[PDB]
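In the structure tokens that follow, a single protein chain appears in two forms: structure 1, then structure 2.
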Structure 1
């Protein structure tokens, strides 16, 4: 008898799913992935619930101040996000001390401004040996009273938001009838992208594929492989229409491409640390692809999408094998050689795009002028607002020898902690 509890309100939208309120308890009947069959103790109704909307009773995830699986960097992002304030905090799983916890607190430093500081929690629990606690709630309650050595007196738990409704169960292949393609967002050589609604309840994006040398079944086995290479920083693939012309249904990214977003009013107001953060998020996506021994092949700001929350995700991963030289590595233009190192070059160019708020690479120059200038050994100069250290990241991406370009694993780690000395990752306290 496994009782779980709702962490958020959920409104039912399908045939057999349950509505519930935050706090409602339920018996688990079946653990079938993203959807679980449950019985609500509040309503007595049996049906399906999103497994990520609930957690086991009295376990830590039920706590408003606990955040499961959040990294140090993502803790910073959450705590710095709109709606928080001085002393805003969270307790979370320790990224580097497996099995243990860490505390992240929002602070203000005169020189830099808003910041997040991190304290290791020592397992009974303590941060300093002079203050020991049986529970984390005890721990939380003490530092709410006064800063006992901490950078800031604890105030309010970090703002959380409802996670995304998972896709309808068993709905990978859907009939075209379930869609209304309401607004053409983009159009090109290989098809179109539309804002769309699925079965009157869910906003999505649909990429329409023009018929081609691609074999129908060959195209689907490829898409079915991409659906397994899921990651937070890769556009989620939701569904497919298997009948020509092929529709690919993905999550809707409310702010469009990074390219268009940066060239916008709201984009041009993004200060430099934001842009680097965007870069780090993309690099994290590319680090996943790198680990999986895959390749993207078409990295640039037009193939990065931005969510309403300013989360950047990589789009069109995989479309390259199923089917703009100013972003391409020499050994890939002059030869056929595309590797992850060619993506690294492309990332460097992307890095420039970001810092130049969308400006086209090599402005004034053109494709043949560029290819010849590459064989010289020309590289784009450092823009006025780009820090020297960010620039030499780009330069390292632009080595002629592909094997001398750094990994995305390393790039991500440098961009993530760009403003933080390694020794200052965690705080010390007597």
Structure 2
């Protein structure tokens, strides 16, 4: 009923809107209301009221207040964060277990010549009368005691704990209730590119926030159809999908999203920087997209144009799916027809080309082609073949051969994605599983330390 949760700032926040409350790390507050990413709160110190970023604060009695506790992180994202540049041997984090509810997991950066950079996971068990342990000989009253113990010595661990995994201030939340925004709120600063049905620009919103704006050409979309689809796209909240912040519901329609500093995955892989990414990183890029596409599958949605051109890359090298569902709202009329085909033949499933049958299974086919794009660093699919040759070849059972530097398991995934019958193709859930655990035939999941 009432709101009795007291929170403390995990970072400083300077108000940029109207009803937002500014605060500094340590400042404690009372949550008066939970309105999503924004929470109405009261300063325990200066009595001031106002909205605060929910991701910048934590319950005062929580482990979320600790530098080494990572709340709401998956085993995979912990591995990716720990293996990120700027972390050292023994870098570590404690997180909520994904296998045993109420219990915790210790993730540590390790290095072996034969294995390379690795992340080892330890199960922190809870004691019934209070306390925690990884090995029965070593029990602790608190998790801080456990950390300090393993920071003094490995005591069975792969490495002595060094420093907490590095973290950065999270993204500031988009303004409360600013979905359909005025066009004058946006200053278009640099055109990033121009396509068949519109352009993309880097811009500033209300002088305070950098964003990307997809500007759709007049005649490309109905305002009402677009807004209905956009209201669904807004619900597709997942870390591997580009964040849609707002829209201008007047022709020319604008779609405002977070800015992704490294552009398209296609351009990145063809870049001097991306060409140097090792195969394990390429498989991780693939798994990131598979996680996003598994979410879209669980939500009964369809991308309709999956390809490296439609994957965006952050400065932190995180891949995020873009243009999910957009092809459904690009109308087929006299205006768009001049721009040429909406779908790239070499990425499109045969049933979609021949009958317009677009489903999650046609996305699976496209994901297979995207996997080949990634392992080939952006090479055109079906090298040496025109679009007409590809369609007739696919009808005769032709499939792209395994490229160099392509693990056979990855190629096998591609082949399954390219089954002619959509029902015989794998689920994104399966694809995500195989890719997330590609190098984990180690089994055990955790470490069995005595």
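Residue numbers count along the first chain shown, from 1. Here, rigid core means the biggest group of C-alpha atoms that superpose within 1.5 Å across both forms.
The comparison between structures 1 and 2, aligned on the rigid core, picks out a single residue among 369, 375, 30, 64 whose CA moves by 2 Å or more, and that residue is 30. After superposing the rigid core, the C-alpha of residue 394 moves by less than 2 Å between structures 1 and 2. When the rigid core is held fixed, the Cα atom of residue 408 travels less than 2 angstroms between structures 1 and 2. Here residue 52 does not count as shifted, since its C-alpha moves by less than 2 Å between structures 1 and 2 after the core is aligned.
After superposing on the rigid core, the C-alpha of residue 277 is displaced by 0.3 Å between structures 1 and 2. Structural comparison between structures 1 and 2 after rigid-core fitting shows the C-alpha of residue 171 displaced 1.4 Å. Taking the core as the reference frame, the CA atom of residue 41 shifts 4.7 angstrom between structures 1 and 2.
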